[PDB]
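Asker: Below: the sequence, then the experimentally determined structure.
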Amino acid sequence: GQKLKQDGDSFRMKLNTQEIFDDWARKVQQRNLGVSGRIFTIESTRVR
Amino acid sequence: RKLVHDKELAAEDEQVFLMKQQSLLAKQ
């Protein structure tokens, strides 16, 4: 029983989930997504 | 004095309007 509970606790520790949430939030903050600016944008492209 | 149709609808090719408004966006 104690061996099984130790294995389950180790798996649950390996089954953590908040770290990816923190990483995603950090990436979101770093990239600084935004939409504010002009209504629509005009650009220059040399189409093939 | 039979009236003749005046200047018809102009084309104003898309590229010219696009460059004019690109300049306007740049200056605004």
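Answerer: In hand now; what should we look at? Numbers count the residues shown, from 1 in each chain, chains lettered A, B, ... in the order given.
Asker: Around whatever residue of chain B ends up closest to chain A, count how many other residues there are.
Answerer: Scanning chain B for the residue nearest chain A gives residue B:22, at 4.8 Å (criterion: Cβ to the nearest Cβ). Just so you know, the C-beta spots here come from the backbone N, C-alpha and C atoms, and that holds for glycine as well. A count of nearby residues for residue B:22, using other Cβ atoms under 10 Å in any protein chain shown, gives 14.
Asker: helix or strand for it, which one?
Answerer: Secondary structure from DSSP states H and E places residue B:22 in helix B:14-27.
Asker: could you say what helices and strands that helix packs with?
Answerer: Helices and strands touching helix B:14-27, by 3 or more Cβ pairs under 8 Å, 6 or more residues apart in numbering or on different chains; DSSP states H and E: there are none.
Asker: Work out the gap between stretch A:34-48 and the centre of the chain.
Answerer: Offset of stretch A:34-48 from its chain centre (Cα atoms, centre = their mean, to the nearest Å): 27 Å.
Asker: Let me see the residues that make contact with that stretch.
Answerer: B:18, B:21, B:22, B:25 (Cβ atoms under 8 Å, 6 or more residues apart in numbering or on different chains).
Asker: Looking at those, which one is closest to residue A:22?
Answerer: Checking these against residue A:22 by Cβ to Cβ gives residue B:25 as the nearest, at 39.3 Å.
Asker: neighbours around that closest one, how many?
Answerer: The number of residues packed near residue B:25 is 12, by other Cβ under 10 Å.
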